[PDB]
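Below is protein_10.pdb, which holds PDB, C-alpha atoms (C1' of nucleotides).
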```
ATOM      1  CA  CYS P 266      65.866  63.958  73.434
ATOM      2  CA  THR P 267      69.518  64.943  72.976
ATOM      3  CA  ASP P 268      68.428  68.049  71.058
ATOM      4  CA  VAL P 269      70.733  71.041  70.612
ATOM      5  CA  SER P 270      71.216  74.278  68.648
ATOM      6  CA  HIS P 271      68.342  76.421  67.376
ATOM      7  CA  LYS P 272      67.593  77.682  63.865
ATOM      8  CA  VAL P 273      67.439  81.360  64.783
ATOM      9  CA  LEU P 274      64.266  81.375  66.882
ATOM     10  CA  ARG P 275      61.705  84.170  66.589
ATOM     11  CA  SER P 276      61.570  85.419  70.179
ATOM     12  CA  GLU P 277      63.498  84.182  73.213
ATOM     13  CA  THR P 278      66.238  85.639  75.375
ATOM     14  CA  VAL P 279      69.543  83.763  75.644
ATOM     15  CA  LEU P 280      68.720  83.582  79.336
ATOM     16  CA  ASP P 281      65.740  81.419  78.530
ATOM     17  CA  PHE P 282      68.093  79.685  76.135
ATOM     18  CA  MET P 283      71.103  79.176  78.380
ATOM     19  CA  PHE P 284      68.309  78.255  80.838
ATOM     20  CA  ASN P 285      67.261  75.035  79.186
ATOM     21  CA  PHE P 286      70.975  74.486  78.725
ATOM     22  CA  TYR P 287      71.166  74.728  82.511
ATOM     23  CA  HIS P 288      68.734  71.812  82.754
ATOM     24  CA  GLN P 289      71.050  69.546  80.711
ATOM     25  CA  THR P 290      74.877  69.568  80.735
ATOM     26  CA  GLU P 291      76.933  69.401  83.963
ATOM     27  CA  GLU P 292      78.305  72.508  85.700
ATOM     28  CA  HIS P 293      81.785  72.905  84.226
ATOM     29  CA  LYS P 294      80.577  71.351  80.987
ATOM     30  CA  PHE P 295      77.545  73.580  80.956
ATOM     31  CA  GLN P 296      79.274  76.910  80.836
ATOM     32  CA  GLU P 297      81.733  75.525  78.273
ATOM     33  CA  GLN P 298      79.085  74.500  75.716
ATOM     34  CA  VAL P 299      76.430  77.157  76.318
ATOM     35  CA  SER P 300      78.930  79.810  75.503
ATOM     36  CA  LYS P 301      80.069  77.921  72.421
ATOM     37  CA  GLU P 302      76.385  78.151  71.490
ATOM     38  CA  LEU P 303      76.217  81.965  71.869
ATOM     39  CA  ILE P 304      79.908  82.744  71.317
ATOM     40  CA  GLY P 305      80.675  83.973  67.801
ATOM     41  CA  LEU P 306      76.885  84.201  67.604
ATOM     42  CA  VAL P 307      74.799  87.339  68.180
ATOM     43  CA  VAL P 308      71.847  88.381  70.360
ATOM     44  CA  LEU P 309      68.916  90.803  70.081
ATOM     45  CA  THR P 310      68.605  93.390  72.852
ATOM     46  CA  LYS P 311      64.893  93.368  73.662
ATOM     47  CA  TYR P 312      64.996  96.880  75.164
ATOM     48  CA  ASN P 313      66.561  98.514  72.109
ATOM     49  CA  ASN P 314      65.913  95.731  69.565
ATOM     50  CA  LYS P 315      69.601  95.842  68.677
ATOM     51  CA  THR P 316      71.727  92.816  67.851
ATOM     52  CA  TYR P 317      75.395  92.501  68.863
ATOM     53  CA  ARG P 318      77.809  89.630  68.302
ATOM     54  CA  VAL P 319      78.181  87.711  71.580
ATOM     55  CA  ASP P 320      81.760  86.485  71.557
ATOM     56  CA  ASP P 321      81.848  85.823  75.273
ATOM     57  CA  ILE P 322      79.213  85.074  77.891
ATOM     58  CA  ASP P 323      80.060  86.965  81.059
ATOM     59  CA  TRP P 324      79.465  84.130  83.528
ATOM     60  CA  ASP P 325      80.210  86.466  86.439
ATOM     61  CA  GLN P 326      78.018  89.579  86.525
ATOM     62  CA  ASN P 327      74.232  89.612  86.863
ATOM     63  CA  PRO P 328      71.559  91.931  85.314
ATOM     64  CA  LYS P 329      72.058  93.965  88.481
ATOM     65  CA  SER P 330      75.580  95.190  87.714
ATOM     66  CA  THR P 331      75.598  98.964  88.158
ATOM     67  CA  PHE P 332      77.353 102.031  86.806
ATOM     68  CA  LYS P 333      77.037 105.788  87.244
ATOM     69  CA  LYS P 334      75.249 107.981  84.727
ATOM     70  CA  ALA P 335      76.075 111.313  83.111
ATOM     71  CA  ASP P 336      76.161 113.212  86.389
ATOM     72  CA  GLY P 337      77.027 109.987  88.181
ATOM     73  CA  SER P 338      73.645 108.346  88.702
ATOM     74  CA  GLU P 339      74.413 104.769  89.600
ATOM     75  CA  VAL P 340      71.947 102.587  87.710
ATOM     76  CA  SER P 341      71.966  98.832  87.244
ATOM     77  CA  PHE P 342      71.331  96.945  84.029
ATOM     78  CA  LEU P 343      67.925  96.203  85.473
ATOM     79  CA  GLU P 344      67.442  99.921  85.995
ATOM     80  CA  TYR P 345      69.026 101.441  82.874
ATOM     81  CA  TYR P 346      67.003  98.892  80.932
ATOM     82  CA  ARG P 347      63.748  99.110  82.917
ATOM     83  CA  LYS P 348      63.652 102.875  83.355
ATOM     84  CA  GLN P 349      65.009 103.935  79.995
ATOM     85  CA  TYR P 350      63.321 101.196  77.936
ATOM     86  CA  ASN P 351      61.226  99.133  80.380
ATOM     87  CA  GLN P 352      62.242  95.615  79.316
ATOM     88  CA  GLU P 353      61.652  94.035  82.708
ATOM     89  CA  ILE P 354      64.736  91.937  83.388
ATOM     90  CA  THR P 355      63.109  89.660  85.953
ATOM     91  CA  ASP P 356      65.804  86.980  85.857
ATOM     92  CA  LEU P 357      68.067  89.330  87.731
ATOM     93  CA  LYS P 358      70.323  86.407  88.658
ATOM     94  CA  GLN P 359      71.756  85.061  85.392
ATOM     95  CA  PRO P 360      75.094  85.993  83.696
ATOM     96  CA  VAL P 361      75.837  88.603  81.073
ATOM     97  CA  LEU P 362      76.717  88.609  77.412
ATOM     98  CA  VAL P 363      79.980  90.300  76.609
ATOM     99  CA  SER P 364      79.552  91.006  72.929
ATOM    100  CA  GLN P 365      82.904  91.683  71.298
ATOM    101  CA  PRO P 366      84.132  92.308  67.716
ATOM    102  CA  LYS P 367      87.253  90.368  68.493
ATOM    103  CA  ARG P 368      88.503  91.099  64.971
ATOM    104  CA  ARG P 369      91.160  88.830  63.455
ATOM    105  CA  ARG P 370      93.669  91.679  64.016
ATOM    106  CA  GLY P 371      94.569  90.884  60.425
ATOM    107  CA  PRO P 372      94.734  93.916  58.094
ATOM    108  CA  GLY P 373      92.060  96.408  59.077
ATOM    109  CA  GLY P 374      88.501  95.120  59.023
ATOM    110  CA  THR P 375      87.594  95.889  62.574
ATOM    111  CA  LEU P 376      84.583  93.899  63.650
ATOM    112  CA  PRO P 377      81.355  95.497  64.981
ATOM    113  CA  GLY P 378      78.596  94.825  67.504
ATOM    114  CA  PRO P 379      80.196  95.160  71.004
ATOM    115  CA  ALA P 380      77.958  95.360  74.083
ATOM    116  CA  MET P 381      77.289  94.224  77.667
ATOM    117  CA  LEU P 382      73.964  92.430  77.293
ATOM    118  CA  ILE P 383      71.346  91.003  79.584
ATOM    119  CA  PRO P 384      70.673  87.335  78.800
ATOM    120  CA  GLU P 385      67.038  87.950  79.832
ATOM    121  CA  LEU P 386      66.518  90.328  76.870
ATOM    122  CA  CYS P 387      68.709  88.872  74.120
ATOM    123  CA  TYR P 388      66.452  87.343  71.461
ATOM    124  CA  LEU P 389      68.736  84.574  70.219
ATOM    125  CA  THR P 390      69.590  85.235  66.593
ATOM    126  CA  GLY P 391      71.752  83.390  64.102
ATOM    127  CA  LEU P 392      73.311  86.421  62.555
ATOM    128  CA  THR P 393      76.861  85.541  63.572
ATOM    129  CA  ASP P 394      77.705  88.779  61.787
ATOM    130  CA  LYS P 395      81.301  88.536  60.605
ATOM    131  CA  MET P 396      81.280  91.748  58.561
ATOM    132  CA  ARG P 397      84.718  93.309  58.942
ATOM    133  CA  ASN P 398      86.404  93.247  55.513
ATOM    134  CA  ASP P 399      89.800  91.909  56.545
TER     135      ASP P 399
ATOM    136  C1'   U Z   1      89.363 105.178  65.252
ATOM    137  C1'   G Z   2      85.654  99.946  70.074
ATOM    138  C1'   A Z   3      77.941 103.629  67.600
ATOM    139  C1'   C Z   4      72.021 103.478  73.320
ATOM    140  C1'   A Z   5      78.397  99.258  77.201
TER     141        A Z   5
END
```
What is this file in structure tokens?
Amino acid sequence: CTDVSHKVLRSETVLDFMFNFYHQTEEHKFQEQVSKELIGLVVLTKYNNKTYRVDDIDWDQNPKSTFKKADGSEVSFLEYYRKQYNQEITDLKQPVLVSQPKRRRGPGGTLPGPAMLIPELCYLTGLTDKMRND
RNA sequence: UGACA
């Protein structure tokens, strides 16, 4: 009861995460907190086991969002991820994870780990990688 | 000088 946060779980996508979070908080409230939970935090891309620092949860696009390829092949997250790495999205109706370095614009550290992630593949971490050297 | 977006 009234449980929150998660000490860097082994395996679980932030979709499954933000999912349980969907079963608690209100609507407006929901989105506000959830993000705070993943924001500044990082996720593990199941398809390419690569972790990026989620600084913003894209509560607009779904794992279906598309984009053209080299020659212009329009493939969706679901596709690019399923065909190239086969990570079966499945929850093709949740948001996205806009991972951004969002450096402190201070001196010249420049933060790393930017990426448009699928919440259904992001193994919640706890990295919160700050590494920049400002 | 934004490293499988």
- prompt: Please, which residues of chain Z lie no more than 8 Å from chain P when the count uses only C-alpha atoms (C1' of nucleotides), and can they be set out as a PyMOL selection string?
  reply: chain Z and resi 2+4-5
task: State, in Å with one decimal place, the distance from CA of residue 273 in chain P to CA of residue 391 in chain P.
output: 4.8 Å
Point-to-point distance in Å for CA of residue 394 in chain P and CA of residue 373 in chain P: 16.5 Å
message: On this structure, the PyMOL selection byres ((chain P and resi 307) around 7) would catch which residues? List them as a list in words, sorted by chain and number.
response: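 Here the PyMOL selection byres ((chain P and resi 307) around 7) matches residues 303, 305, 306, 308, 316, 317, 318, 319, 389, 390, 391, 392 and 393 of chain P.
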- request: May I ask for the distance between CA of residue 368 in chain P and CA of residue 311 in chain P, given in Å to one decimal place?
  value: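 Answer for the CA of residue 368 in chain P to CA of residue 311 in chain P separation: 25.3 Å.
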field: Evaluate the PyMOL selection byres ((chain P and resi 336-347) around 10) and report residues as number ranges by chain
entry: P: 310-313, 327-335, 348-357, 361, 381-383, 386
How about saving the chosen residues, C-alpha atoms kept, as an mmCIF file, keeping the file's coordinate frame?
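Contents of part-v6.cif, as written:
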```
data_model
loop_
_atom_site.group_PDB
_atom_site.id
_atom_site.type_symbol
_atom_site.label_atom_id
_atom_site.label_comp_id
_atom_site.auth_asym_id
_atom_site.auth_seq_id
_atom_site.Cartn_x
_atom_site.Cartn_y
_atom_site.Cartn_z
ATOM 1 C CA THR P 310 68.605 93.390 72.852
ATOM 2 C CA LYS P 311 64.893 93.368 73.662
ATOM 3 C CA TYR P 312 64.996 96.880 75.164
ATOM 4 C CA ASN P 313 66.561 98.514 72.109
ATOM 5 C CA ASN P 327 74.232 89.612 86.863
ATOM 6 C CA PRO P 328 71.559 91.931 85.314
ATOM 7 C CA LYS P 329 72.058 93.965 88.481
ATOM 8 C CA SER P 330 75.580 95.190 87.714
ATOM 9 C CA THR P 331 75.598 98.964 88.158
ATOM 10 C CA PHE P 332 77.353 102.031 86.806
ATOM 11 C CA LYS P 333 77.037 105.788 87.244
ATOM 12 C CA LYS P 334 75.249 107.981 84.727
ATOM 13 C CA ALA P 335 76.075 111.313 83.111
ATOM 14 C CA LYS P 348 63.652 102.875 83.355
ATOM 15 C CA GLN P 349 65.009 103.935 79.995
ATOM 16 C CA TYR P 350 63.321 101.196 77.936
ATOM 17 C CA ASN P 351 61.226 99.133 80.380
ATOM 18 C CA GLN P 352 62.242 95.615 79.316
ATOM 19 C CA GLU P 353 61.652 94.035 82.708
ATOM 20 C CA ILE P 354 64.736 91.937 83.388
ATOM 21 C CA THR P 355 63.109 89.660 85.953
ATOM 22 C CA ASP P 356 65.804 86.980 85.857
ATOM 23 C CA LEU P 357 68.067 89.330 87.731
ATOM 24 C CA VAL P 361 75.837 88.603 81.073
ATOM 25 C CA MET P 381 77.289 94.224 77.667
ATOM 26 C CA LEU P 382 73.964 92.430 77.293
ATOM 27 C CA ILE P 383 71.346 91.003 79.584
ATOM 28 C CA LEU P 386 66.518 90.328 76.870
#
```
